[PDB]
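>>> Return a 3D structure for these sequence lines:
(one chain, ligands or ions: 1)
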Amino acid sequence: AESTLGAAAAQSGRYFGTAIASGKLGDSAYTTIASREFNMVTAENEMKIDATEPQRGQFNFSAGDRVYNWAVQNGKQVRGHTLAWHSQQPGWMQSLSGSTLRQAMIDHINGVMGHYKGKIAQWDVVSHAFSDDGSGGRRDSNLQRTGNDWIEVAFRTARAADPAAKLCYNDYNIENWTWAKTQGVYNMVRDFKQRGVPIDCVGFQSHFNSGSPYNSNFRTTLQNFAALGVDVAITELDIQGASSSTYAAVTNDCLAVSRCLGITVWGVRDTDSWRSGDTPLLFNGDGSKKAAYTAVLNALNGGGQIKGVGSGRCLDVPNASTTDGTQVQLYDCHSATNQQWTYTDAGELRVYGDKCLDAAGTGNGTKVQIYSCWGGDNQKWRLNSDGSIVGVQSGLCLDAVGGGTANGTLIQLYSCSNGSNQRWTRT
Ligand SMILES: O=[N+]([O-])c1ccc(O[C@@H]2OC[C@@H](O[C@@H]3OC[C@@H](O)[C@H](O)[C@H]3O)[C@H](O)[C@H]2O)cc1
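Numbering: from 1, shown residues only. Sure, the structure comes next:
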């Protein structure tokens, strides 16, 4: 109830989910991670309009049901995505307009929700309905040109089709409270609640990058929407660079809002991401947990010198050398730059400013040394709550050779054993 993301989130009545791609369900490495870590699933594309209604009036749930069945059979709830929006519309719908388009939208909603009636926890009824031009208004689309009330109609339609599902409005770039787009959505939801329009949740995609960075005020945004009487959900979270601090910050924002139902990251491994170039998820392509994974898990579980517990001595660079390939050791702790390590958001343990704790391989006995920082996974580490420090690439623990405790004891990689020569404390 604390070793996996879903289980850790469940401790506070929340979920931690991911986007599942039906085309990857035959990949054992993929499903092993997905079934183990998440208790909520969103079909990445299988429940969209084009996927569910390829031809007007012709519904197809082959792909959607495969994802839905995999989710339920493996113990995960499901978020339906998405009933009505401008993107990925089938060819036939893109050419529709006015009343006929409005009716098509309604028929689609009834068809899809009817198929999954009572089996979906949340439905993204409408998505991407606002512009990014900075006006805070609706974006120009075929759906919007049929009447400004199309969104309201979609929700009223959805409520009737399946009263058991929570109905959400989902969008991106509505995380920062100071943005006009965020205000546009806020005003609409407030209007809906005041007039009784059936809406139960607001989904924040949370696709963060240096173009639209995460800001601490995201929590305020979540709290402001929660105050309107709707639940909130982080629906498609991914962070460019996967900063451990940022991932932990977003996790704590949801935990700080009683109405935040949970968090879904948009994909399992970076190689499965729609934005793989931004290495924005919690697992590497080879399936290894990233530093960000541990940061998130620690947050969900309610969680300078590096001193070894068994030895009482500090991780030290011999004679304050800055030479690449110098194996680190244990040494009496004292004020010195060669014992001052900085844990970065990328998961590095830096010394001297630009040298990185580096594993010279991946197996037991591998030498741990300092080497120029370059971003390799053999230079990334996960700081566990039990005091162990695990190498991302190797999955092995920082280990004081042979359990030595005296000055000069070298540091190596070794299968984690919870031994005192593998436990560290930082001050
Ligand atoms: O440019 N953006 O900021 C942006 C573009 C699209 C977008 O869509 C939302 O978030 C991602 C969507 O999923 C992807 O849709 C396209 C597929 O080819 C890809 O495989 C999916 O992962 C999601 O459905 C939608 O809600 C947001 C922001």
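
>>> so what's the spatially most central residue of the chain up against?
Nearest to the mean C-alpha position of the chain, counting by Cα atoms, centre = their mean, stands residue 265 at 2.9 Å. Residues counted as contacts of residue 265 (Cβ atoms under 8 Å, 6 or more residues apart in numbering) are 16, 17, 18, 19, 236, 237, 238, 281, 282. (Each C-beta comes from the backbone N, C-alpha and C, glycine too.)

>>> So which of those reach the ligand?
residue 236 (Cβ under 6 Å from any ligand atom).

>>> Residue 124: which of the contacts of residue 265 is nearest?
Among the contacts of residue 265, residue 236 lies closest to residue 124 (Cβ to Cβ), at 9.6 Å.

>>> So the closest one sits against residue 19, correct?
Yes. Using Cβ atoms under 8 Å, residue 236 makes contact with residue 19 at a distance of 6.9 Å.

>>> Can you work out which residues contact both of the two?
Common neighbours of residue 236 and residue 19 (Cβ under 8 Å, 6+ apart) are 42, 264, 265, 266.

>>> And the furthest pair within these?
Taking Cβ to Cβ, no two of the shared contacts of residue 236 and residue 19 sit farther apart than 42 and 265, at 10.0 Å.

>>> Need the residues touching each of those two.
By Cβ under 8 Å, 6+ apart, residue 42 and residue 265 have these common neighbours: 17, 18, 19, 236.

>>> quick one, what contacts the closest residue to the ligand within the stretch 251-400 of the chain?
Relative to the ligand, the nearest point of the stretch 251-400 of the chain is residue 274 (3.6 Å; Cβ to the nearest ligand atom). Taking Cβ under 8 Å, 6+ apart as the criterion, residue 274 is in contact with 44, 266, 267.

>>> ditto for residue 256
By Cβ under 8 Å, 6+ apart, the neighbours of residue 256 are 219, 222, 223.

>>> Export those as TSV, with columns for neighbour count, secondary structure and distance to the ligand.
Output for the contacts of residue 256, formatted as TSV (neighbours: other Cβ atoms under 10 Å; DSSP: H, G, I helix; E, B strand; the rest coil; distance: Cβ to the nearest ligand atom, whole Å):
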residue	neighbour count	secondary structure	distance to the ligand
219	20	helix	21
222	23	helix	18
223	18	helix	23
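
>>> quick one: which of the contacts of residue 274 has the most company?
Ranked by the number of neighbours (other Cβ atoms under 10 Å), the contacts of residue 274 place residue 267 first, at 26 neighbours.

>>> Look up how far residue 256 lies from that one.
Using Cβ to Cβ, to the nearest Å, we find residue 267 at a distance of 25 Å from residue 256.

>>> and if you look at residue 166?
In this view, residue 166 and residue 256 are 20 Å apart by Cβ to Cβ.

>>> what ranges do the helices span in the protein?
For the chain, helices defined by DSSP state H occupy the ranges 5-10, 28-37, 49-52, 62-73, 91-94, 98-115, 150-161, 180-195, 218-226, 244-255, 291-300.

>>> ok, what's across the strand from residue 43?
residue 20 (DSSP bridges).

>>> wait, isn't it in contact with residue 67?
Yes. Under the criterion of Cβ under 8 Å, residue 43 makes contact with residue 67 at 4.1 Å.

>>> And the two? Which one has more around it.
Between residue 43 and residue 67, counted using other Cβ under 10 Å, the more crowded position is residue 43 (26 against 23).
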